[PDB]
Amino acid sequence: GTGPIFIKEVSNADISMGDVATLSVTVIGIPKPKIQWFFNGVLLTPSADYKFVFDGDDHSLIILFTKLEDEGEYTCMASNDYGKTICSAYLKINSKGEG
C-alpha cells in the first residue's frame, strides 16, 4: 500500500501547430492510482480531440489537431488512498498566422 510514484514523468515537447501532441507517464502504487490531466491548472475531460489512454502502468494524453491556444503547462496528477503526486511539462506549439 504505497502512494503513487511516477516511474516516468511527463517531458516538455515542441510541436508545430496542427500536429498531434502527446504527453506520457508511467505510474505505480497500490491501490492502482487514478490519473487526471490539467491545463494551466484546469482539469481536462475526454472529448473528440483529447484522448486519455492507458496500457498497463502507462498513461498518455493525446491532443489531436493542435492550435496555438493549446500551448501551455500540462500537469499529470496521480491519486490513490495513500497520496497524490504530480508532474508537469510545457507544451510549446510553434504556429504561423496573421493578426
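Note that residue numbering follows the sequence shown and begins at 1.
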> Comparing 29-37 with 63-71, which has the greater mean CA B-factor as deposited?
Replying inline: 63-71
> Mean C-alpha B-factor higher for 39-47, or for 53-61?
Replying inline: 39-47
> Which third of the chain does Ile86 land in by C-alpha B-factor: lowest, middle or highest?
Replying inline: highest
> Split the chain's modelled residues into thirds by Cα B-factor; is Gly99 in the lowest, middle or highest one?
Replying inline: highest
>> Is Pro4 in the lowest, middle or highest third of its chain when residues are ranked by C-alpha B-factor?
In response: middle
> By its CA B factor, does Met17 count among the lowest, middle or highest third of the modelled residues in the chain?
Replying inline: highest
